[PDB]
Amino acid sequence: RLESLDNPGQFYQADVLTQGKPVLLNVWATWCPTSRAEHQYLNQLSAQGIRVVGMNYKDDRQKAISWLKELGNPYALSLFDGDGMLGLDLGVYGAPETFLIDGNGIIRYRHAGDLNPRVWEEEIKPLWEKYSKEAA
């Protein structure tokens, strides 16, 4: 149910999402200027070793692929939710959004709006350390 963006008809097993460990899920869209605004910080954070899954939201694959090409692809797993069904059961209602999901696939935090140093180093990191540790 986790459709690949770079490869249309490829699906991943739920396990692949977290692989028994915390992960960040970022909802983004080429039609959302705020997604562009938070992307570089996202590249960096993913550069620091934080695992982040990408979920292209009700967007155009060609544009989406092109987008990550010119701006960078900070996702270890890049997903496509054109119909917006996946976002619907995660409770996604717009972009940008960033979710913290623990090693067990449970949503531990949802943030609507741009992801930045402030939000991470003040709302997510502590929860990230907790669940990263809680994944002994």
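Position 1 is the first residue in the sequence shown; the rest follow in order.
When the Cα temperature factors in the entry are averaged, is it 40-48 or 87-95 that ends up higher?
Stretch with the higher mean C-alpha B-factor: 40-48.
On average, are the C-alpha B-factors higher in 62-70 or in 28-36?
Comparing 62-70 with 28-36, the higher average CA B-factor belongs to 62-70.
Could you say whether, by C-alpha temperature factor, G54 belongs to the lowest, middle or highest third of its chain?
As the PDB entry reports it, the C-alpha B-factor of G54 lands in the lowest third of its chain.
Going by the entry, which third of its chain does the Cα temperature factor of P117 land in?
As the PDB entry reports it, the C-alpha B-factor of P117 lands in the middle third of its chain.
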